[PDB]
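Asks: You'll find run-v3.txt just under this line, and it carries compact mmCIF, C-alpha atoms.
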# COMPACT_ATOMS: atom_id res chain seq x y z
CA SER A 5 10.83 13.67 4.90
CA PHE A 6 9.19 12.62 1.50
CA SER A 7 10.91 14.20 -1.55
CA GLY A 8 10.21 14.35 -5.27
CA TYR A 9 6.48 13.64 -5.02
CA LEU A 10 3.97 15.16 -7.41
CA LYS A 11 0.98 16.64 -5.56
CA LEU A 12 -2.29 15.21 -6.94
CA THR A 13 -4.73 16.58 -4.35
CA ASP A 14 -4.72 18.29 -0.92
CA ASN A 15 -3.58 14.99 0.68
CA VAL A 16 -2.45 12.59 -2.07
CA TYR A 17 1.11 12.64 -3.48
CA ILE A 18 2.67 10.33 -6.08
CA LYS A 19 6.22 9.33 -7.13
CA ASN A 20 7.77 6.80 -9.52
CA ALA A 21 9.76 4.89 -6.93
CA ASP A 22 10.56 1.50 -5.52
CA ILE A 23 8.58 1.44 -2.24
CA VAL A 24 11.37 -0.63 -0.55
CA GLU A 25 14.00 1.98 -1.49
CA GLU A 26 11.60 4.73 -0.52
CA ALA A 27 10.91 3.13 2.90
CA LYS A 28 14.64 2.60 3.61
CA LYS A 29 15.31 6.27 2.79
CA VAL A 30 12.40 7.91 4.58
CA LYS A 31 11.85 5.35 7.38
CA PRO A 32 8.21 6.58 7.53
CA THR A 33 5.93 6.04 10.53
CA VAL A 34 3.79 3.74 8.34
CA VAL A 35 4.56 1.78 5.22
CA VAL A 36 1.52 0.05 3.64
CA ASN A 37 1.92 -3.50 2.42
CA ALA A 38 -0.27 -4.88 -0.40
CA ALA A 39 -1.12 -7.92 1.70
CA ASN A 40 -3.29 -10.98 1.17
CA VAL A 41 -5.61 -12.43 3.89
CA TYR A 42 -3.01 -14.99 4.91
CA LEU A 43 -0.15 -12.46 5.14
CA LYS A 44 1.82 -14.71 2.75
CA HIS A 45 4.27 -12.16 1.30
CA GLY A 46 5.29 -14.05 -1.81
CA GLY A 47 5.40 -11.57 -4.65
CA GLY A 48 4.68 -8.01 -5.76
CA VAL A 49 5.00 -5.30 -3.10
CA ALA A 50 4.58 -7.88 -0.27
CA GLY A 51 7.37 -10.12 -1.50
CA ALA A 52 9.65 -7.14 -2.03
CA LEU A 53 8.93 -5.62 1.43
CA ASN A 54 9.34 -8.99 3.11
CA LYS A 55 12.66 -9.70 1.30
CA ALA A 56 13.93 -6.27 2.49
CA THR A 57 13.21 -7.33 6.11
CA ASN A 58 15.25 -10.57 5.60
CA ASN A 59 11.97 -12.51 6.08
CA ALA A 60 11.34 -10.99 9.55
CA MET A 61 8.02 -9.62 8.22
CA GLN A 62 6.94 -13.15 7.22
CA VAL A 63 7.98 -14.68 10.59
CA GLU A 64 6.03 -11.98 12.44
CA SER A 65 3.07 -12.39 10.06
CA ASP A 66 2.91 -16.18 10.52
CA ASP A 67 2.73 -15.69 14.30
CA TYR A 68 -0.03 -13.07 13.77
CA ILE A 69 -2.09 -15.49 11.57
CA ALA A 70 -1.49 -18.40 13.99
CA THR A 71 -3.00 -16.26 16.78
CA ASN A 72 -5.70 -14.33 14.92
CA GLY A 73 -6.59 -16.17 11.74
CA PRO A 74 -6.76 -14.55 8.34
CA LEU A 75 -7.65 -10.95 7.64
CA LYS A 76 -10.78 -10.04 5.69
CA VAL A 77 -10.48 -8.77 2.09
CA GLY A 78 -10.75 -4.98 2.65
CA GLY A 79 -9.24 -5.30 6.13
CA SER A 80 -5.89 -4.58 7.69
CA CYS A 81 -3.62 -5.10 10.60
CA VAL A 82 -0.73 -3.07 12.03
CA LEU A 83 2.51 -4.95 12.53
CA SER A 84 6.17 -3.90 12.86
CA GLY A 85 7.79 -1.98 10.04
CA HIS A 86 11.10 -3.79 10.84
CA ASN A 87 14.01 -1.94 9.10
CA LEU A 88 11.64 -0.13 6.72
CA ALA A 89 9.23 1.89 8.86
CA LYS A 90 7.99 2.22 12.48
CA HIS A 91 4.89 0.17 11.47
CA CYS A 92 3.66 -1.77 8.53
CA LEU A 93 -0.04 -1.46 7.81
CA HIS A 94 -0.88 -4.69 5.97
CA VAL A 95 -3.92 -3.87 3.87
CA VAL A 96 -5.82 -6.46 1.80
CA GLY A 97 -7.23 -5.03 -1.38
CA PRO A 98 -9.40 -7.32 -3.54
CA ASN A 99 -7.43 -9.55 -5.90
CA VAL A 100 -9.28 -9.47 -9.24
CA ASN A 101 -7.09 -12.48 -10.36
CA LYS A 102 -8.71 -14.51 -7.48
CA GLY A 103 -12.23 -13.24 -8.54
CA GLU A 104 -12.62 -10.89 -5.48
CA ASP A 105 -15.16 -7.99 -5.36
CA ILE A 106 -13.47 -4.77 -6.78
CA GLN A 107 -16.11 -2.86 -4.67
CA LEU A 108 -13.97 -3.86 -1.56
CA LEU A 109 -11.18 -1.53 -2.80
CA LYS A 110 -12.87 1.47 -1.09
CA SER A 111 -13.06 -0.48 2.19
CA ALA A 112 -9.38 -1.39 1.80
CA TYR A 113 -8.40 2.31 1.34
CA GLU A 114 -10.50 3.33 4.41
CA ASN A 115 -7.86 1.61 6.55
CA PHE A 116 -5.42 4.40 5.56
CA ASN A 117 -7.62 6.97 7.39
CA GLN A 118 -6.49 5.59 10.75
CA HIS A 119 -2.93 6.93 10.09
CA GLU A 120 -2.00 10.60 9.69
CA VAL A 121 0.69 9.89 7.09
CA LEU A 122 1.54 6.80 5.05
CA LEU A 123 3.95 5.61 2.37
CA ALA A 124 1.83 3.25 0.19
CA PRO A 125 1.42 1.39 -3.03
CA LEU A 126 -1.79 1.55 -5.14
CA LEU A 127 -4.03 -1.11 -3.63
CA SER A 128 -5.14 -4.01 -5.85
CA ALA A 129 -2.77 -2.83 -8.61
CA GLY A 130 0.07 -4.96 -10.09
CA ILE A 131 -0.32 -8.67 -9.51
CA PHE A 132 -3.68 -8.06 -7.76
CA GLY A 133 -5.15 -7.41 -11.22
CA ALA A 134 -7.19 -4.22 -10.78
CA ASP A 135 -6.88 -1.19 -13.08
CA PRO A 136 -4.33 1.12 -11.37
CA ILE A 137 -6.13 4.21 -12.79
CA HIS A 138 -9.28 3.06 -10.92
CA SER A 139 -7.18 2.34 -7.76
CA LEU A 140 -5.76 5.88 -7.79
CA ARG A 141 -9.28 7.32 -8.23
CA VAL A 142 -10.60 5.29 -5.26
CA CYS A 143 -7.53 6.33 -3.24
CA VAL A 144 -8.09 10.07 -3.86
CA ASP A 145 -11.85 9.77 -3.19
CA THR A 146 -11.45 7.68 0.01
CA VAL A 147 -8.22 8.58 1.82
CA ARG A 148 -8.36 11.83 3.78
CA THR A 149 -4.99 11.45 5.55
CA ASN A 150 -1.61 12.21 3.87
CA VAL A 151 -0.72 9.41 1.48
CA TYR A 152 2.55 9.23 -0.46
CA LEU A 153 2.08 6.76 -3.27
CA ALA A 154 5.07 4.92 -4.69
CA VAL A 155 4.47 3.55 -8.22
CA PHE A 156 7.25 1.15 -9.20
CA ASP A 157 6.63 1.14 -12.97
CA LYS A 158 7.72 4.44 -14.76
CA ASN A 159 5.39 3.87 -17.71
CA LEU A 160 2.42 3.25 -15.36
CA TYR A 161 3.43 6.31 -13.25
CA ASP A 162 3.39 8.48 -16.41
CA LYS A 163 -0.01 7.07 -17.45
CA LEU A 164 -1.45 7.66 -13.94
CA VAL A 165 -0.26 11.31 -13.82
CA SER A 166 -1.22 12.15 -17.43
CA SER A 167 -4.73 10.69 -17.04
CA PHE A 168 -5.43 12.05 -13.51
CA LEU A 169 -8.63 14.01 -13.45
Can the structure from this file be put into structure tokens for me?

Replies:
Amino acid sequence: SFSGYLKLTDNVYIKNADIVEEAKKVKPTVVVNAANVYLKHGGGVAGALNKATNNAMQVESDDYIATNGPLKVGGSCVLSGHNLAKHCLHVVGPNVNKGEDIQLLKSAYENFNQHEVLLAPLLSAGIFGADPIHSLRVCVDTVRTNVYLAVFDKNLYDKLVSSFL
């Protein structure tokens, strides 16, 4: 199971880890991807998860978009986890760098409540441009299921833990 996580709340855990390496080790039921509405996994967590699947995540995602159209910002879809997890929950947090409503971050985290346990990144953090301290706060105040957060950056991980209220 999940090892080396710091317990933040009853249901939220956090670790300074590469989510790809974490997924390959744990092979969780659900790994969350920091997706965009088009499921174009170019960079950040999405690009790293997709590269770990040898682009199988992108091929599956393009078929999903061809059939269903784009996701909504704040929405999600469940696809295969490929070699990383049983499932991948592709969740679209608002991208502040594309001028999207930061208020949609709570809606994005609500998708996690449909899964009893998840390995996840902080939504809208990194290249999505939101404040990761705010993302962690919304996560703890929205997600009720067991979420194991992987924070890639050590310095950000330390700042998140040391400032956690």

Asks: Name the residues, using the chain letters and numbers of the file, that sit within 8 Å of (-4.3, -11.0, 9.4) when counting only C-alpha atoms, and give them as a list in words.

Replies: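 Answer for this query, in the requested form: residues 41, 42, 43, 65, 68, 69, 72, 73, 74, 75, 76, 80, 81 and 94 of chain A.
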
Asks: When distances are computed from only C-alpha atoms, which of A:110, A:91, A:163, A:44 shows the smallest separation from residue 31 (chain A)?

Replies: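 Nearest candidate to residue 31 (chain A) out of A:110, A:91, A:163, A:44: A:91.
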
Asks: Taking into account only C-alpha atoms, which residue in the set A:53, A:109, A:165, A:23 is nearest to residue 124 (chain A)?

Replies: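 For residue 124 (chain A), the nearest of the given residues is A:23.
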
Asks: Any idea what the distance is between CA of residue 151 (chain A) and CA of residue 62 (chain A)?

Replies: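 Those two atoms sit 24.5 Å apart.
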
Asks: Restricting the calculation to all atoms listed in the file, which member of A:63, A:164, A:100, A:126 is positioned closest to residue 84 (chain A)?

Replies: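 Nearest candidate to residue 84 (chain A) out of A:63, A:164, A:100, A:126: A:63.
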
Asks: Quick one: everything within 10 Å of residue 142 (chain A), counting only C-alpha atoms, minus sequence neighbours fewer than 6 positions away in the same chain. Send it as a ChimeraX atom specification.

Replies: /A:107,109-114,126-127,136

Asks: Give the centre and edge lengths of an axis-aligned box, in Å to one decimal, that holds all listed atoms of region 157-164 of chain A with 4 Å on each side, as lines of an AutoDock Vina configuration file.

Replies:
center_x = 3.1
center_y = 4.8
center_z = -15.3
size_x = 17.2
size_y = 15.3
size_z = 12.7
